[PDB]
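**Q** First to last, the sequence lines map onto chains D and F. Heads up, the deposited numbering is the position in the first sequence plus 903, with the first residue counted as 1. Heads up, the deposited numbering is the position in the second sequence plus 687, with the first residue counted as 1. Ideal Cβ positions, reconstructed from N, Cα and C, are used throughout, including at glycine.
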Amino acid sequence: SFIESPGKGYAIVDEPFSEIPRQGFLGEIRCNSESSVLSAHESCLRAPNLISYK
Amino acid sequence: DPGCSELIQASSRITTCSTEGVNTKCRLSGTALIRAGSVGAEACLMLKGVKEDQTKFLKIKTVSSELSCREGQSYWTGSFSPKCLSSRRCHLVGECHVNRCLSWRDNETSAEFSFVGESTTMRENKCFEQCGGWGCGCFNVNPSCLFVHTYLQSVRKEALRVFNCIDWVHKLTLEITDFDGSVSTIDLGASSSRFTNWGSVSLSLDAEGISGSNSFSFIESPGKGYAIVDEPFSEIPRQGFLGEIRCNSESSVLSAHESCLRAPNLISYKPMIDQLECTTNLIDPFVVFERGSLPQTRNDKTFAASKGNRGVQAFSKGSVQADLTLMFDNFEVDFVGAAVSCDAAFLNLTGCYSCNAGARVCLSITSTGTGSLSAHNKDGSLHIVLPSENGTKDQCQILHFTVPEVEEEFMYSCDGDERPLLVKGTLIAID
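1) Who are the near neighbours of residue 779 (chain F) in its chain, counting only those whose CB is closer than 8 Å to its CB and skipping five residues on each side?
2) Locate the beta strand (DSSP E) running through residue 1020 (chain F), then write down its first and last residues.
3) I want to verify the contact list: residues of chain C whose CB lies under 9 Å from the CB of residue 957 (chain D), in sequence order.
4) Answer with yes or no whether the minimum CB distance from residue 853 (chain F) to chain D is below 8 Å.
5) Can you grab the Cα-Cα spacing for the pair residue 892 (chain F) / residue 745 (chain F), in whole Å?
6) Does DSSP classify residue 941 (chain F) as helix, strand or coil?
7) Could you pull out every unbroken beta strand (DSSP E) segment of at least 3 residues lying fully inside the stretch 900-924 of chain F, listed in chain order?
8) I'd like to know whether the C-beta atoms of residue 1113 (chain F) and residue 1041 (chain F) end up nearer to each other than 8 Å.
9) Would you grab the beta carbon distance between residue 871 (chain F) and residue 878 (chain F) for me? Rounded to a whole angstrom, and I think it's under 8 Å.
10) Going by the CB atoms, is the gap between residue 1086 (chain F) and residue 1046 (chain F) shorter than 8 Å?
11) If we ignore side chains and look at the alpha-carbon of each, how far apart do residue 1078 (chain F) and residue 689 (chain F) end up?
12) Tell me whether the stretch 691-700 of chain F and the stretch 715-735 of chain F touch, counting them as touching only if at least three CB pairs, one residue from each stretch, are closer than 8 Å.
13) Hey, does residue 1047 (chain F) have any beta-carbon neighbour from chain D nearer than 8 Å?
14) Measuring CA to CA, which of F:1017, F:980, F:771, F:957 is closest to residue 884 (chain F)?
15) Does residue 927 (chain D) get closer than 8 Å to chain F when you measure Cβ to Cβ?
16) State the DSSP-derived secondary structure class of residue 707 (chain F), mapped to helix, strand or coil.
17) What number of angstroms, rounded off, separates the C-alpha of residue 940 (chain D) from the C-alpha of residue 950 (chain D)?
18) So with Cβ pairs under 8 Å, would you call residue 949 (chain F) a contact of chain D?
19) For the beta strand (DSSP E) containing residue 649 (chain F), list its first residue and its last residue.
20) Any beta-carbon of chain D closer than 8 Å to the one on residue 759 (chain F)?
21) Once the 5 residues before and after residue 797 (chain F) are set aside, which same chain residues still bring their CB inside 7 Å of it?
22) Taking 8 Å as the cut-off, does the stretch 762-777 of chain F touch the stretch 738-754 of chain F (at least 3 CB pairs, one atom from each stretch)?
23) I think residue 847 (chain F) touches residue 765 (chain F), with their Cβ atoms under 8 Å apart; what is that distance to the nearest whole Å?
24) Report the start-end ranges of each alpha helix (DSSP H) in the stretch 971-1053 of chain F that is 4 residues or longer and not cut off at the edges.
25) Reducing DSSP to helix, strand and coil, say where residue 780 (chain F) ends up.
26) Alpha carbon to alpha carbon, how far is residue 707 (chain F) from residue 1099 (chain F)? Give it in angstroms, no decimals.
27) Under a Cβ-count criterion, where at least 16 other Cβ atoms within 10 Å of its own Cβ denotes burial, should residue 851 (chain F) be classed as buried or exposed?
28) Of the choices F:855, F:1062, F:886, whose alpha-carbon is the least far from that of residue 864 (chain F)?
29) How big is the Cα-Cα spacing for residue 1103 (chain F) and residue 731 (chain F)?
30) Can residue 777 (chain F) and residue 819 (chain F) be called in contact, C-beta distance under 8 Å?
31) Taking C-beta pairs closer than 7 Å, name the residues in chain F that residue 952 (chain D) reaches, listed in chain order.
32) With DSSP as the reference, label residue 785 (chain F) as helix, strand or coil.
33) For the structure I just gave you, are there three or more beta carbon pairs, one from the stretch 952-960 of chain F and one from the stretch 750-759 of chain F, closer than 8 Å?
34) When you compare each of F:1094, F:1084, F:1115 to residue 728 (chain F) by their alpha carbons, which one comes out closest?
35) Applying the 10 Å Cβ sphere with the 16-neighbour rule, what's the burial state of residue 785 (chain F)?
36) Taking contact to mean at least 3 C-beta pairs separated by less than 8 Å, is the stretch 1002-1022 of chain F in contact with the stretch 703-718 of chain F?
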């Protein structure tokens, strides 16, 4: 799998591609565009029971 | 407590500055990387501006190394006692029919129990066919009806939160001190990130991680302590196992709310014409709680309780390395025009050289105001930054060395002009 960084460069990761978001794994909060991450779009995918509360 | 161990410097392309009102201020907007400290060591950072006296300092103190848990399936359970009601009526009395009693459901309210109420309580309704005629206590030869209204109630005034651990996360208990003086206590694990005022911080390197904790459970008690279960967790409420009747909160356990989950058919009935016996074979959680209470001995580690934070922890007897990643989200860092001169003095020196703990160096700072102390060596490799207050104060930090006979002249300053200073001491060889 590869990681794209606009303005910096590219990257490579030695692991299978993240297809399902889950806790304890790289890729639990995914989106579809750069504006969906910079502006936090509600159309993104979250994770069940991730945000903790005290 | 020891002082700062690792000391680096900020970059230039992620640190802007501005001078106005004879008060040069700077900002931080970037990402830095530094080695994490060991037990007691501090991963501190030093900032450099446009002058020599204008120098702030960030401090990040490491408490210890622990192994936190990541909960996923949590619930609440407790003890329950059955309380059934007995009310027998003959045939053709109110709502006594064979087609209705033989096909009687639990959600149907009986005619002899509708005046009680429809409260939120785990209740069920049964109807058993009994004998009739004058030989049993009726006037008709048709069988009578036995309306049974059984409801479950709480027993103990406290509940237990049974949870599990999927993957152990090596947590690093930190205590970051802000630039102004505000002290914040956070905790980083594996690659988590917390929230601070000047930005955030995340963990990079991790050399620990206990796997295979699916076949073990844990029980948390408020105020009392923790526990451990040597049995695999079950997400299905079954009989004869820890977690037969589960709920969602303490109020649902101490009051038996309808929202609680339980397995069907768990109340034994003994219909005897008039005498009604209702007994249940539930599992008491306090037996397992008092049976497997922390601390315990499991394999090669030592599981203990937590008295300070939240969640179960785990101890380990081995070294561990880590890397702290600092974040800066546009934080204003101001300075001062004129500083206050200071006078330093030598005290003692002890510790180790070329070790992860460093040497415990201490100096005697005598100043007449607040501020800091910018110092360095001769070749340009070590730095001494200690807070300077009003009066004679004793400050101690950590300085690494590569020689058992430490003897190097230092230059301390607070307002700009440096002064000579010589230190000495004997260290020990610790790997």
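**A** To lay it out plainly:
1) Here the set comprises 827, 829.
2) First-last of the beta strand (DSSP E) with residue 1020 (chain F): 1018-1020.
3) As a matter of chain content, chain C is missing from the structure shown, whose protein chains are D and F.
4) True, the Cβ-Cβ gap to chain D drops below 8 Å.
5) The straight-line gap from Cα to Cα measures roughly 21 Å.
6) Looking at residue 941 (chain F) - three-state DSSP - the assignment turns out to be helix.
7) Runs of the beta strand (DSSP E) inside the stretch 900-924 of chain F: 904-907.
8) No, they are not a contact pair.
9) So it is not a contact: roughly 20 Å between Cβ atoms.
10) Against a cut-off of 8 Å, the Cβ pair of residue 1086 (chain F) and residue 1046 (chain F) comes out as a contact.
11) Distance from the CA atom of residue 1078 (chain F) to the CA atom of residue 689 (chain F), rounded to whole angstroms, is 21 Å.
12) In short, these stretches touch, since the Cβ pair count reaches three.
13) Nearest CB-CB separation between residue 1047 (chain F) and chain D: not below the 8 Å threshold.
14) Comparing Cα positions, the closest option is F:1017.
15) Taking Cβ atoms only, chain F reaches closer than 8 Å to residue 927 (chain D), which makes this a yes.
16) Residue 707 (chain F) sits in a strand when the DSSP states are folded into three classes.
17) If you take the alpha carbons of residue 940 (chain D) and residue 950 (chain D), they lie about 15 Å apart.
18) Not an interface residue.
19) Nothing about residue 649 (chain F) can be read from this structure; chain F reaches only from 688 to 1118.
20) Chain D has a Cβ within less than 8 Å of the Cβ of residue 759 (chain F).
21) Scanning its chain for C-beta atoms nearer than 7 Å, with the 5 sequence neighbours on each side dropped, one finds around residue 797 (chain F) the residues 812, 834, 836, in chain order.
22) With the cut-off at 8 Å, the stretch 738-754 of chain F and the stretch 762-777 of chain F do not touch.
23) Rounded to the nearest angstrom, the Cβ distance from residue 847 (chain F) to residue 765 (chain F) is 7 Å, consistent with a contact under 8 Å.
24) Correct list: 972-978.
25) If DSSP states are grouped into helix, strand and coil, residue 780 (chain F) belongs with coil.
26) Straight-line measurement puts the Cα of residue 707 (chain F) at about 28 Å from the Cα of residue 1099 (chain F).
27) Residue environment: residue 851 (chain F) is assigned as buried (16 or more neighbouring CB atoms within 10 Å of its CB, all protein chains considered).
28) If we check each option's Cα against that of residue 864 (chain F), F:886 comes out closest.
29) Approximately 22 Å, taken between the alpha carbons.
30) Yes, they are a contact pair.
31) Those are 759, listed as they occur along chain F.
32) It is helical.
33) The stretch 952-960 of chain F, when compared against the stretch 750-759 of chain F, does not touch it at the 8 Å Cβ threshold.
34) The shortest C-alpha separation from residue 728 (chain F) is found at F:1084.
35) Residue 785 (chain F) comes out exposed.
36) Below 8 Å, enough C-beta pairs join the stretch 1002-1022 of chain F and the stretch 703-718 of chain F to call them touching: three or more.
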